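Don't worry about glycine lacking a Cβ; one is built from the backbone with ideal geometry, like all the others, and counts go over all protein chains shown. Since every read-out is calculated from the coordinates, none of them should be taken as a lab result.
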Amino acid sequence: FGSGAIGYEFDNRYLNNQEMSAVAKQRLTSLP
Amino acid sequence: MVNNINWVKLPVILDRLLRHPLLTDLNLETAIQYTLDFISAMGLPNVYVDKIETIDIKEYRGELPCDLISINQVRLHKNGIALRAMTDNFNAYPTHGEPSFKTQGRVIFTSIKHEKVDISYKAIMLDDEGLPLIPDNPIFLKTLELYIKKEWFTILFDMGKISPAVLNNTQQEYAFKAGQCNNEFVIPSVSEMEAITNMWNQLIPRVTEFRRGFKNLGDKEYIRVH
């Protein structure tokens, strides 16, 4: 059948947690 | 301070913040509170307006002006002799000297019963509205802008709406400009280093400048030829 309001929010939340991991590897380094 | 403090209204800081699309929900109301927190935390005595008022002391107590923020000196009106500080624990209290003062709220507590005193103090400069007025210094303005951007991003970082790398950059950039803004307002002009020169170079040391209003502090010391 079909209804995609919980498939959407779980997929949108998995890409959020994957994006959250990617921005936690960002470093503005502090050697010369 | 080397540069003069030209006054501008608080919404000039909001042209600068709302250039940033994450700071577009900022207000005048939020700009008012974060300015006064910033003005206080820096503690620059050049941002305040110097005022002098004569108040009368009724019995070891006098009512202080409404705009008062910090007292420069209190002195007597008839003599001009300055008052130092109340270290007495039992001041206006009888059992069965050098005059003093003490201030807690809107009341000053002196050592003299019935006397008029001059109070030289600092207030905040206001507008036609009763609102703060900030320097147009683009160093002051930039680091007040970075102050509000760091308080707004700290909320957004607690919410999870900002990267920890984004807040770490704002916390770093505010930290540099806050020292540059401190040194911009503290480091004397050429005309204030001359008064600093005359105080520093004194063959007969002048050690009673508090009795005057520090009037003769930066005066030059002259020695006769013999």
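Could you list, in sequence order, all residues of region B:127-172 that are within 16 Å of B:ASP25 (Cβ to Cβ), out of contact with any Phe, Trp or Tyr (no Cβ under 7 Å at 6 or more places or on another chain) and of a type in the set (A, V, I, L, M)? Residues satisfying the conditions are B:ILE155, B:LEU156, B:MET159. B:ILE71 fulfils the conditions (1) part of a strand (DSSP E or B); (2) crowded, with 18+ Cβ neighbours inside 10 Å; (3) not polar (S, T, N, Q) except for a single criterion, (2). Filtering region B:15-36 to residues that are closer than 10 Å to B:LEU144 by Cβ and out of contact with any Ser or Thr (no Cβ under 9 Å at 6 or more places or on another chain) leaves B:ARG16, B:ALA31, B:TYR34, B:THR35. Of all residues in region B:136-163, those satisfying the criterion of being surrounded by 14 or more Cβ atoms within 10 Å (Cβ to Cβ), within 14 Å of chain A (Cβ to nearest Cβ) and in a loop (DSSP other than H, G, I, E, B) are B:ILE162, B:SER163.
Name the residue that is farthest from the other protein chains (Cβ to nearest Cβ), counting only residues in chain A that are of a type in the set (S, T, N, Q) and farther than 21 Å from B:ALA165 by Cα. Spell out how you get there, then give the answer.
Initial filter on chain A (of a type in the set (S, T, N, Q)): A:3, A:12, A:16-18, A:21, A:26, A:29-30.
Imposing the further condition that a residue be farther than 21 Å from B:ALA165 by Cα reduces the set to A:3, A:12.
Details: A:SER3: 29, A:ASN12: 15 Å.
Ranking the candidates gives A:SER3 first.
Evaluated against (1) crowded, with 16+ Cβ neighbours inside 10 Å; (2) not in a helix (DSSP H, G or I); (3) not hydrophobic (A, V, I, L, M, F, W, C), B:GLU184 falls short on exactly one condition, (2).
Assess whether B:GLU209 counts as being charged (D, E, K, R), away from chain A (no Cβ under 14 Å) and either closer than 21 Å to A:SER30 by Cβ or part of a helix (DSSP H, G or I) (or both). It would help to see each step written out before you state the result.
Numbers: charged (D, E, K, R): yes; away from chain A (no Cβ under 14 Å): yes; either closer than 21 Å to A:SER30 by Cβ or part of a helix (DSSP H, G or I) (or both): no.
Spelling it out, it is not the case that B:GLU209 is charged (D, E, K, R), away from chain A (no Cβ under 14 Å) and either closer than 21 Å to A:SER30 by Cβ or part of a helix (DSSP H, G or I) (or both).
Could you go through region B:95-104 and let me know if any residue there is in a loop (DSSP other than H, G, I, E, B), within 21 Å of the chain's Cα centre (by Cα) and at negative phi. Break it down into steps so the answer makes sense when it comes.
At the first step, the residues of region B:95-104 found to be in a loop (DSSP other than H, G, I, E, B) are B:95-100, B:104.
Imposing the further condition that a residue be within 21 Å of the chain's Cα centre (by Cα) reduces the set to B:104.
Retained after the next criterion (residues that are at negative phi): B:104.
Yes, there is a match, as at least one residue in region B:95-104 is in a loop (DSSP other than H, G, I, E, B), within 21 Å of the chain's Cα centre (by Cα) and at negative phi.
Does at least one position in region B:126-135 carry a residue that is more than 20 Å from B:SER40 (Cα to Cα) and either surrounded by fewer than 18 Cβ atoms within 10 Å (Cβ to Cβ) or within 14 Å of chain A (Cβ to nearest Cβ) (or both)? Within region B:126-135 (the criterion being more than 20 Å from B:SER40 (Cα to Cα) and either surrounded by fewer than 18 Cβ atoms within 10 Å (Cβ to Cβ) or within 14 Å of chain A (Cβ to nearest Cβ) (or both)), the answer is yes, since at least one residue qualifies. Among the residues of region B:213-226, those identified as surrounded by 13 or more Cβ atoms within 10 Å (Cβ to Cβ) and over 17 Å from B:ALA85 (Cβ atoms) are B:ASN216, B:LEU217, B:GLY218, B:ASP219, B:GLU221.
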